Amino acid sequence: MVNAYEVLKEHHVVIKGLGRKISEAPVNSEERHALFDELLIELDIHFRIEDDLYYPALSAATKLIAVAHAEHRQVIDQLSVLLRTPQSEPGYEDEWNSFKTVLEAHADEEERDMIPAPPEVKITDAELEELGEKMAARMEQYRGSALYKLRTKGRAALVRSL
């Protein structure tokens, strides 16, 4: 059995790894475009399992939940700025690094304040395992719908869904 913390920490590693691979790929390369779409899919499902399963289980930490949702808005708002600059434009790399910075600020705040659960939250190891199992399954479901959205409706429709 996997628990809720391990699900989130291992998925953070995935997201961070995609961030690094994107940064390392040539600007406007075919490889960087595909990696960026992959990151959007993983970001979508990360925020969704947080909003839909993890934070409700941690709802006793009301101030930190508010902060976490506000951090989500930070990432989404910066993503909108990033998507206004095509990778071929001179200031793109600056914009990517600004986005990557906001992304890393989300992940840091979560790892500082929300994993493990704040002390307000009474949660047992068994409750964390059940939650982890639900989150792993729901993340798979969400990746399927995000993939489907990207494939059938395009990148803009994936972004509008964040």
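Counting begins at 1, following the sequence as shown.
Of the two segments, 49-57 and 130-138, the one listed with the higher mean B-factor is 130-138 (C-alpha atoms only). Once the C-alpha B-factors are averaged per stretch, 149-157 and 16-24 rank with 149-157 first. Highest C-alpha temperature factor among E93, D37, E110, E30, as the PDB entry reports it: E110.
Remark: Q87 belongs to the middle third of its chain, ranked by C-alpha B-factor as recorded. The deposited CA B-factor of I41 belongs to the lowest third of values across its chain. When the modelled residues of the chain are ordered by C-alpha B-factor, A105 sits in the highest third. Residue-level temperature factors show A70 in the middle third of its chain, judged at the C-alpha atom.
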